[PDB]
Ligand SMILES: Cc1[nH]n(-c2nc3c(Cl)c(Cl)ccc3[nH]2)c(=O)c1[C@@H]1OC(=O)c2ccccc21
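Heads up, the chain below is alone and in the form solved without this ligand; it's given as structure tokens.
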């Protein structure tokens, strides 16, 4: 019905993603190669196969793209300042041969300002270097650590590359009671997933005062991609022999609902597309592989999706999936007025047959 049609329209969005991939993949496959031999601190920075990977998981604009460059680090130490797992600042432990990054410090903390400035300098040098690939670097703004690089083409396209430290050590102590996929994927999958590395993306609090630019937030987008691709408690479910379970499709249509709401109306700019994913990850552990993940009754799939979403909005609680003591939308982070409006909007679009999906 409307849901299958919207899913086909998401496939059309995949076609547009291919149209963008045509230029961005070509750019990166020849741009990243200069980084390794440049003989700097950013040498050895390699893109991590995370995010959409041509899929719809990115949740970015139709003419915009995003990718992340994972730079490894020696012995990252994490400290959470005046926050609850939502923001972290990096320091270093004893390293016998000095830090490779011993000149990006601000005392003991390693700040995103110096690293991103050096990163953008190197990127601008490279884009001015190669002539075969038509690449540029648009001017910088102080509101985002994304070193955007607008690409000239018959039709304008832009991309941005986000630095993200990579740490091979244990996960942070704020995630111990997180990622509850035990009854769903099994304790084996978890304990073999909390061995992977974790990333730190540079993010400014923009609400505190003491340290603004010198703060990094955890990123587990690789584990997120893992769980999206090979979902299910049956090893062949969506891996072979048919057996099409509709749980990713429900997430896609919910994400489209949120995006259409945010584009249609203004104040919903304070809730990104990531909250929907956290809701779905908290919900999939609510009922491991019931009979109600079948292609039929999919309207029931969305009844329950909304049910959970509205329940989180009304009670003022939705914990970050990996950090279970970090309310993504709360009064302190987001006052109650906007989320009250969002709950009203979800209620309304629940009724009247979802008018938001007529103009799509």
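Positions refer to the first chain, counted from 1.
What follows is about the form deposited with this ligand bound, which we do not show.
Worksheet item: Do residue 274 and this ligand share at least one heavy atom pair within 4.5 Å in the deposited complex?
Response: Residue 274 belongs to the contact set for this ligand.
Discussion item. In the deposited complex, is there a heavy atom of this ligand that lies within 4.5 Å of any heavy atom of residue 164, even though the partner is absent here?
Written reply: No, residue 164 sits far enough from this ligand in the deposited complex that none of its heavy atoms falls within 4.5 Å.
Worksheet item: So, in the deposited complex, is residue 270 in contact with this ligand at a 4.5 angstroms heavy atom limit?
Response: Yes - in the deposited complex, heavy atoms of residue 270 and this ligand come within 4.5 Å of each other.
Worksheet item: Is there a heavy atom of residue 181 lying 4.5 Å or less from a heavy atom of this ligand in the deposited complex?
Response: Contact with this ligand, no.
Worksheet item: Looking at 74-82, 109-117, 274-282, 129-137, which one sits within 4.5 Å of this ligand in the deposited complex if you count heavy atoms only?
Response: Every other range fails; the passing one is 274-282.
Worksheet item: Which one, 328, 68, 35, 28, lies within 4.5 Å of this ligand in the deposited complex by heavy atoms?
Response: Of the listed residues, the single hit is 328.
Practice prompt. Identify which of 151, 147, 251, 86 has a heavy atom within 4.5 Å of this ligand in the deposited complex; exactly one of them does.
Written response: Here the answer is residue option 86.
Worksheet item: Each of 4, 7 and 298 near this ligand in the deposited complex, meaning some heavy atom within 4.5 Å?
Response: No: no residue has a heavy atom within 4.5 Å of the partner.
Discussion item. Just to make sure I understand: among 199-218, which residues lie within 4.5 Å of this ligand in the deposited complex, judging by heavy atoms?
Written reply: 203, 217, 218, in sequence order.
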